[PDB]
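*Asks:* My structure is stored as structure_17.txt, with compact mmCIF, C-alpha atoms and all ligand atoms.
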# COMPACT_ATOMS: atom_id res chain seq x y z
CA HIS A 1 -0.83 21.15 -0.90
CA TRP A 2 0.03 17.92 -2.57
CA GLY A 3 -2.59 15.77 -4.11
CA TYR A 4 -3.60 13.83 -7.18
CA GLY A 5 -5.29 16.55 -9.23
CA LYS A 6 -3.87 18.29 -12.29
CA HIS A 7 -2.39 21.19 -10.34
CA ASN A 8 -0.88 19.30 -7.39
CA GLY A 9 -0.41 15.75 -8.62
CA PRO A 10 2.62 13.48 -8.75
CA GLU A 11 4.56 15.37 -11.42
CA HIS A 12 4.51 18.42 -9.12
CA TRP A 13 5.68 16.68 -5.92
CA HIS A 14 9.36 17.16 -6.61
CA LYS A 15 9.10 20.93 -6.03
CA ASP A 16 8.32 20.42 -2.34
CA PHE A 17 9.89 16.92 -1.98
CA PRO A 18 12.99 16.82 -4.14
CA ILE A 19 13.65 13.16 -3.15
CA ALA A 20 10.83 12.46 -5.66
CA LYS A 21 13.59 12.29 -8.28
CA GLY A 22 15.77 10.08 -6.04
CA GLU A 23 17.40 6.79 -6.85
CA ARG A 24 15.10 4.33 -5.13
CA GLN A 25 11.61 5.72 -5.69
CA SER A 26 8.45 3.61 -5.89
CA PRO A 27 6.35 2.32 -7.46
CA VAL A 28 8.03 0.58 -10.43
CA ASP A 29 7.01 -1.67 -13.27
CA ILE A 30 7.81 -5.33 -12.56
CA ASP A 31 9.29 -6.80 -15.73
CA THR A 32 8.71 -10.47 -15.10
CA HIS A 33 11.33 -11.63 -17.61
CA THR A 34 14.15 -9.62 -16.03
CA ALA A 35 13.22 -10.33 -12.42
CA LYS A 36 15.87 -12.63 -10.92
CA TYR A 37 14.79 -15.75 -9.12
CA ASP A 38 16.67 -15.84 -5.80
CA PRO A 39 16.63 -19.29 -4.17
CA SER A 40 18.18 -17.69 -1.10
CA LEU A 41 14.91 -15.96 -0.36
CA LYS A 42 12.94 -17.31 2.60
CA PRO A 43 9.17 -17.78 2.62
CA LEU A 44 7.23 -14.90 4.09
CA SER A 45 6.00 -15.34 7.65
CA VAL A 46 2.70 -13.49 8.24
CA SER A 47 1.53 -13.69 11.82
CA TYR A 48 -1.76 -11.76 12.07
CA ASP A 49 -3.76 -13.94 14.44
CA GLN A 50 -3.39 -11.43 17.29
CA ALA A 51 -4.10 -8.35 15.17
CA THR A 52 -6.04 -5.59 16.89
CA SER A 53 -7.63 -3.06 14.58
CA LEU A 54 -8.63 0.26 16.16
CA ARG A 55 -10.07 2.76 13.74
CA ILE A 56 -10.65 3.61 10.09
CA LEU A 57 -9.80 7.12 8.87
CA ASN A 58 -10.28 9.20 5.70
CA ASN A 59 -7.11 11.27 5.64
CA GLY A 60 -7.93 13.13 2.42
CA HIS A 61 -5.62 10.92 0.34
CA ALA A 62 -6.98 7.43 1.01
CA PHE A 63 -8.63 5.59 3.86
CA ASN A 64 -6.43 3.87 6.47
CA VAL A 65 -7.31 1.00 8.81
CA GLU A 66 -5.10 1.46 11.90
CA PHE A 67 -3.81 -1.25 14.24
CA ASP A 68 -2.45 -1.31 17.77
CA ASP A 69 1.35 -1.53 17.29
CA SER A 70 2.48 -1.04 20.90
CA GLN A 71 3.25 -4.74 20.97
CA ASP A 72 4.27 -7.60 18.72
CA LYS A 73 0.70 -8.64 17.90
CA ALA A 74 0.60 -8.63 14.11
CA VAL A 75 4.02 -9.02 12.58
CA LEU A 76 5.81 -9.82 9.35
CA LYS A 77 9.02 -11.80 9.30
CA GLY A 78 10.98 -13.85 6.84
CA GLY A 79 11.19 -13.21 3.13
CA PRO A 80 14.03 -10.74 2.50
CA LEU A 81 13.63 -9.33 5.99
CA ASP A 82 15.86 -9.62 8.99
CA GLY A 83 14.02 -8.84 12.09
CA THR A 84 10.45 -8.29 13.08
CA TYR A 85 8.17 -5.76 11.46
CA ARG A 86 4.95 -4.67 13.13
CA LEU A 87 1.76 -3.93 11.24
CA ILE A 88 0.64 -0.34 11.86
CA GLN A 89 -1.97 0.26 9.14
CA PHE A 90 -3.25 -0.70 5.67
CA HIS A 91 -4.77 1.39 2.88
CA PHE A 92 -5.64 1.14 -0.83
CA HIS A 93 -4.92 2.98 -4.07
CA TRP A 94 -7.59 2.75 -6.80
CA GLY A 95 -8.74 4.10 -10.16
CA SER A 96 -11.67 5.87 -11.68
CA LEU A 97 -12.01 2.88 -14.06
CA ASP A 98 -11.31 -0.83 -13.65
CA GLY A 99 -8.27 -0.77 -15.98
CA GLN A 100 -6.20 1.49 -13.72
CA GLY A 101 -5.63 2.06 -10.05
CA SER A 102 -2.62 0.01 -8.95
CA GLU A 103 0.73 1.68 -8.26
CA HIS A 104 3.00 -1.19 -9.22
CA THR A 105 2.43 -2.69 -12.65
CA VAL A 106 3.38 -6.13 -13.94
CA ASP A 107 4.80 -6.14 -17.48
CA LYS A 108 3.05 -2.76 -17.74
CA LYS A 109 -0.32 -4.26 -16.81
CA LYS A 110 -2.33 -2.10 -14.38
CA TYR A 111 -4.75 -3.63 -11.82
CA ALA A 112 -7.94 -2.04 -10.48
CA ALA A 113 -6.47 -1.24 -7.10
CA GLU A 114 -3.53 -2.03 -4.82
CA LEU A 115 -3.56 -2.89 -1.10
CA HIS A 116 -0.61 -1.79 1.03
CA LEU A 117 -0.02 -3.33 4.41
CA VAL A 118 2.54 -1.13 6.14
CA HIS A 119 4.94 -2.51 8.75
CA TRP A 120 7.86 -0.99 10.66
CA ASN A 121 11.05 -2.54 11.97
CA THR A 122 10.83 -2.85 15.71
CA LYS A 123 14.54 -2.37 16.21
CA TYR A 124 14.02 1.39 15.68
CA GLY A 125 11.54 1.60 18.54
CA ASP A 126 8.85 3.78 16.91
CA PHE A 127 7.49 4.42 13.39
CA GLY A 128 8.91 7.95 13.19
CA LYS A 129 12.43 6.66 13.78
CA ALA A 130 11.89 3.74 11.38
CA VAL A 131 11.04 5.96 8.37
CA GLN A 132 14.49 7.56 8.65
CA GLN A 133 16.23 4.21 8.02
CA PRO A 134 16.95 2.36 4.78
CA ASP A 135 15.46 -0.84 6.25
CA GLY A 136 12.85 0.84 8.41
CA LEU A 137 9.60 -0.22 6.68
CA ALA A 138 8.29 -3.27 4.89
CA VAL A 139 5.18 -2.82 2.80
CA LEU A 140 3.23 -5.85 1.61
CA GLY A 141 1.58 -5.04 -1.74
CA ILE A 142 -1.41 -6.97 -3.06
CA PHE A 143 -3.13 -6.43 -6.41
CA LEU A 144 -6.92 -6.32 -6.77
CA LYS A 145 -8.65 -7.45 -9.95
CA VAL A 146 -12.37 -7.17 -10.67
CA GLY A 147 -14.35 -10.41 -10.65
CA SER A 148 -15.94 -12.23 -7.74
CA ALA A 149 -16.51 -10.54 -4.38
CA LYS A 150 -14.06 -10.83 -1.49
CA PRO A 151 -16.13 -11.66 1.60
CA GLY A 152 -13.30 -10.58 3.90
CA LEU A 153 -13.37 -7.05 2.46
CA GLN A 154 -17.08 -6.30 2.89
CA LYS A 155 -16.76 -5.07 6.45
CA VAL A 156 -14.51 -2.36 5.22
CA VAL A 157 -16.80 -1.55 2.30
CA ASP A 158 -19.79 -1.20 4.55
CA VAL A 159 -18.17 1.57 6.79
CA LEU A 160 -17.03 3.83 4.05
CA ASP A 161 -20.25 5.75 4.23
CA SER A 162 -19.43 6.92 7.66
CA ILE A 163 -16.02 8.35 6.70
CA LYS A 164 -16.92 9.90 3.41
CA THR A 165 -14.99 13.15 3.75
CA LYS A 166 -11.55 14.17 4.83
CA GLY A 167 -10.87 14.05 8.55
CA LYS A 168 -13.71 11.64 9.38
CA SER A 169 -12.90 8.53 11.47
CA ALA A 170 -14.84 5.61 12.88
CA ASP A 171 -14.21 2.93 15.37
CA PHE A 172 -13.17 -0.22 13.55
CA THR A 173 -12.40 -3.08 15.93
CA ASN A 174 -12.05 -6.81 15.50
CA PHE A 175 -11.18 -6.70 11.80
CA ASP A 176 -9.00 -9.68 10.73
CA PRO A 177 -6.65 -8.75 7.87
CA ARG A 178 -6.03 -12.45 7.10
CA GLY A 179 -9.23 -12.18 5.16
CA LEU A 180 -7.44 -10.06 2.56
CA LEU A 181 -4.61 -12.42 1.66
CA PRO A 182 -4.31 -14.47 -1.52
CA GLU A 183 -3.82 -18.26 -1.33
CA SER A 184 -0.17 -18.13 -2.31
CA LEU A 185 2.49 -15.91 -0.70
CA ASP A 186 4.98 -15.98 -3.66
CA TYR A 187 6.45 -12.55 -4.15
CA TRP A 188 8.72 -10.05 -5.84
CA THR A 189 10.92 -7.76 -3.74
CA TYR A 190 13.02 -4.65 -4.31
CA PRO A 191 14.25 -1.67 -2.26
CA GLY A 192 12.11 1.42 -2.70
CA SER A 193 10.24 4.31 -1.12
CA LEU A 194 6.96 5.65 0.28
CA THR A 195 4.75 6.35 -2.75
CA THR A 196 3.24 9.47 -1.17
CA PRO A 197 5.07 12.45 0.35
CA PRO A 198 7.40 12.58 2.17
CA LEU A 199 8.53 9.85 -0.30
CA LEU A 200 11.27 8.59 2.05
CA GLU A 201 13.51 5.83 0.73
CA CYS A 202 13.00 3.48 3.68
CA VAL A 203 10.89 0.64 2.30
CA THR A 204 11.55 -2.97 1.44
CA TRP A 205 8.76 -3.71 -1.00
CA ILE A 206 7.22 -7.15 -1.04
CA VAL A 207 4.72 -7.44 -3.85
CA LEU A 208 2.58 -10.59 -3.97
CA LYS A 209 2.28 -12.31 -7.31
CA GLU A 210 -1.26 -13.56 -6.92
CA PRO A 211 -3.99 -10.87 -7.01
CA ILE A 212 -7.14 -11.08 -4.95
CA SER A 213 -10.53 -10.72 -6.61
CA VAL A 214 -13.13 -8.09 -5.61
CA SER A 215 -16.50 -7.37 -7.18
CA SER A 216 -17.39 -4.34 -9.26
CA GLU A 217 -19.83 -3.35 -6.52
CA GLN A 218 -17.09 -3.39 -3.88
CA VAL A 219 -14.69 -1.18 -5.88
CA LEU A 220 -17.56 1.08 -6.79
CA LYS A 221 -17.96 1.97 -3.13
CA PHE A 222 -14.33 3.01 -2.93
CA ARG A 223 -14.99 5.52 -5.66
CA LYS A 224 -17.77 7.27 -3.65
CA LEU A 225 -15.32 8.60 -1.09
CA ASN A 226 -14.30 12.25 -1.14
CA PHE A 227 -10.89 13.98 -1.15
CA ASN A 228 -12.54 17.09 0.30
CA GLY A 229 -13.66 17.87 3.85
CA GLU A 230 -17.35 18.22 4.79
CA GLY A 231 -19.02 21.39 3.57
CA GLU A 232 -16.44 21.69 0.79
CA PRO A 233 -17.11 21.19 -2.92
CA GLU A 234 -17.24 17.47 -3.74
CA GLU A 235 -14.07 15.87 -5.25
CA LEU A 236 -14.46 12.16 -5.70
CA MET A 237 -11.60 10.09 -4.26
CA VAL A 238 -10.34 8.36 -7.38
CA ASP A 239 -6.99 7.76 -9.12
CA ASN A 240 -4.99 8.27 -5.95
CA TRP A 241 -2.04 6.34 -7.42
CA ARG A 242 1.66 7.43 -8.30
CA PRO A 243 3.05 6.35 -11.68
CA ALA A 244 5.79 3.97 -12.14
CA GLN A 245 9.21 5.45 -11.48
CA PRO A 246 12.58 4.60 -13.04
CA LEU A 247 14.19 1.42 -11.74
CA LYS A 248 17.62 2.95 -11.95
CA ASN A 249 20.32 0.86 -10.35
CA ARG A 250 18.02 -1.76 -8.77
CA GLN A 251 17.29 -5.46 -9.26
CA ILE A 252 13.86 -6.91 -8.62
CA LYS A 253 14.12 -10.36 -7.05
CA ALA A 254 11.58 -13.19 -7.18
CA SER A 255 10.91 -15.84 -4.58
CA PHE A 256 9.56 -18.28 -7.22
CA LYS A 257 10.56 -19.50 -10.69
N1 LIG A 301 1.75 3.99 -0.23
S1 LIG A 301 2.83 3.61 0.87
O1 LIG A 301 2.44 2.41 1.57
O2 LIG A 301 4.11 3.53 0.26
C1 LIG A 301 2.99 4.75 2.04
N2 LIG A 301 3.41 5.96 1.61
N3 LIG A 301 3.38 6.87 2.64
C2 LIG A 301 3.01 6.39 3.84
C3 LIG A 301 2.99 7.22 4.97
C4 LIG A 301 3.34 8.56 4.88
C5 LIG A 301 3.29 9.33 6.05
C6 LIG A 301 2.90 8.77 7.26
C7 LIG A 301 2.56 7.42 7.34
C8 LIG A 301 2.63 6.69 6.17
CL1 LIG A 301 2.19 5.12 6.64
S2 LIG A 301 2.64 4.71 3.71
ZN ZN A 302 0.15 2.98 -0.43
Have the structure of the file written as structure tokens, please.
Ligand SMILES: NS(=O)(=O)c1nnc(-c2ccccc2Cl)s1
Ligand SMILES: [Zn+2]

*Replies:*
Amino acid sequence: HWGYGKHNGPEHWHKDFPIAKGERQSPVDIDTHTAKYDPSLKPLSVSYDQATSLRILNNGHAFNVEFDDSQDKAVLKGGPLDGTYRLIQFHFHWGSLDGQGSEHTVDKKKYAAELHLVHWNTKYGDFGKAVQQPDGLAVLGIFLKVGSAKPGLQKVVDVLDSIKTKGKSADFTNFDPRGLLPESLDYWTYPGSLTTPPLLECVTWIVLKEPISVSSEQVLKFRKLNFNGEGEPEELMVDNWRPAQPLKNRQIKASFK
């Protein structure tokens, strides 16, 4: 099966998922000097006051916090989007060391980790239909750098122990994802894909310019998770990130100059 190890990692994915070599794959390097400022872009509208988290899950590839998306509770609008996108889950990618871990890079700089808040376009009625459309998903990407602690993240950090191995889940209610946002919502955007299989080209990427800060201790706890299931030989969950892919015929746009 696919993974992030030497025998099943990203350069192998194309054998089972040939869209891996497609024309609008993610992530990409953001070259800040060739990004085009687009004054037509609207500000992002993040409406997460009525967010309802449900559960946190180790799926063997990351951990996901899941939200109730049966209603327009937590939604993303504005920016380069037309329409309303509902939050369904968030997850992270991170490294074995602080100098790597993000999926996107900025002028080839890697960050320690990357947060993805995944939303789907409610005109398609359910997530499974949305991933089959070119405008079906919008993923908000936020970089993490190591420095001070992020108080808003600690609640997540403290449950990881209970979902250490693949397939484990825990109740996770009343978590407010507003606690994970930077001060500024300035962004870059481009059309891209899921960065894990099935690698579908259905995502409008919105990558925030301002990183959030987390402490070494916090990121350290991420690295204690396991890719394996219980009773299996221990494989630490680290470096679950996909390299930058060719930009090909795409323009990255910026909401700021
Ligand atoms: N890293 S990511 O946000 O582009 C992403 N990639 N794959 C995702 C996915 C794949 C299968 C089912 C559900 C999701 Cl949410 S979400
Ligand atoms: Zn992701």

*Asks:* Residues up to 9 Å from ligand ZN 302 (chain A), counting all atoms listed in the file: could you list those as a PyMOL selection string?

*Replies:* chain A and resi 62+90-93+103+114-118+139+141+194-196+241

*Asks:* Within 6 Å of segment 26-37 of chain A, counting only C-alpha atoms, which residues qualify if same-chain residues fewer than 5 places away don't, as JSON, numbers by chain?

*Replies:* {"A": [103, 104, 105, 106, 107, 192, 193, 195, 244, 245, 252, 253, 254, 255, 257]}

*Asks:* Which is closer to residue 189 of chain A than all the others in A:39, A:22, A:3, A:79, using all atoms listed in the file?

*Replies:*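 For residue 189 of chain A, the nearest of the candidates is A:79.
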
*Asks:* Can you list every residue of segment 117-221 of chain A that has an atom at most 8 Å from segment 225-236 of chain A, with its nearest atom pair and the distance in Å to one decimal, using all atoms listed in the file, ordered by chain then number, as CSV?

*Replies:*
residue,atom,partner,partner_atom,distance
A:160,CA,A:225,CA,7.2
A:161,CA,A:225,CA,7.8
A:163,CA,A:225,CA,7.8
A:164,CA,A:225,CA,4.9
A:165,CA,A:229,CA,4.9
A:166,CA,A:229,CA,4.4
A:167,CA,A:229,CA,6.7
A:221,CA,A:225,CA,7.4

*Asks:* Find the distance between atom CA of residue 51 of chain A and atom CA of residue 74 of chain A and write it in Å to one decimal.

*Replies:*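 Atom CA of residue 74 of chain A lies 4.8 Å from atom CA of residue 51 of chain A.
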
*Asks:* Env of residue 71 of chain A: 12 Å cut, atoms = only C-alpha atoms, seq-sep filter 4 positions within chain, self excluded. Answer as an MDAnalysis selection string.

*Replies:* chainID A and resid 50:52 67 75 84:88 120 122 125:126

*Asks:* Would you kindly return, as a PyMOL selection string, each protein, DNA or RNA residue with an atom no farther than 12 Å from any atom of residue 53 of chain A, considering only C-alpha atoms and excluding same-chain residues fewer than 3 positions away?

*Replies:* chain A and resi 48-50+56-57+64-69+73-74+87-90+156+170-177

*Asks:* Pick from A:213, A:100, A:162, A:133: nearest to residue 181 of chain A, with only C-alpha atoms counted?

*Replies:*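 Answer, going by the shortest atom-to-atom distance: A:213.
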
*Asks:* In Å, how far is it from atom CA of residue 248 of chain A to atom CA of residue 129 of chain A?

*Replies:* 26.5 Å

*Asks:* Return the single residue from A:97, A:54, A:219, A:138 that is closest to residue 76 of chain A, with distances computed using all atoms listed in the file.

*Replies:*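 When distances to residue 76 of chain A are compared using all atoms listed in the file, the smallest one comes from A:138.
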
*Asks:* How many Å separate atom CA of residue 198 of chain A from atom CA of residue 249 of chain A?

*Replies:* 21.5 Å

*Asks:* Which residues are close to residue 212 of chain A, i.e. within 9 Å by only C-alpha atoms, leaving aside same-chain residues fewer than 2 positions away? Reply as a short mmCIF file (atom, residue, chain, number, x, y, z; two decimals) with C-alpha atoms, keeping the file's coordinate frame.

*Replies:*
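New file part_17.cif:
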data_model
loop_
_atom_site.label_atom_id
_atom_site.label_comp_id
_atom_site.auth_asym_id
_atom_site.auth_seq_id
_atom_site.Cartn_x
_atom_site.Cartn_y
_atom_site.Cartn_z
CA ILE A 142 -1.41 -6.97 -3.06
CA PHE A 143 -3.13 -6.43 -6.41
CA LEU A 144 -6.92 -6.32 -6.77
CA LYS A 145 -8.65 -7.45 -9.95
CA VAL A 146 -12.37 -7.17 -10.67
CA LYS A 150 -14.06 -10.83 -1.49
CA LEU A 180 -7.44 -10.06 2.56
CA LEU A 181 -4.61 -12.42 1.66
CA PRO A 182 -4.31 -14.47 -1.52
CA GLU A 183 -3.82 -18.26 -1.33
CA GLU A 210 -1.26 -13.56 -6.92
CA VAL A 214 -13.13 -8.09 -5.61
#

*Asks:* Which of these residues is nearest to ligand LIG 301 (chain A), using only C-alpha atoms and all ligand atoms: A:18, A:9, A:197, A:151?

*Replies:*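 Of all the options, A:197 lies closest to ligand LIG 301 (chain A).
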
*Asks:* Using only C-alpha atoms and all ligand atoms, which of the listed residues (A:147, A:78, A:43, A:191) sits closest to ligand LIG 301 (chain A)?

*Replies:*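 Counting only C-alpha atoms and all ligand atoms, the residue closest to ligand LIG 301 (chain A) is A:191.
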
*Asks:* When you count all atoms listed in the file, which of these residues is closest to ligand LIG 301 (chain A): A:211, A:128, A:99, A:136?

*Replies:*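 Of A:211, A:128, A:99, A:136, the one nearest ligand LIG 301 (chain A), counting all atoms listed in the file, is A:128.
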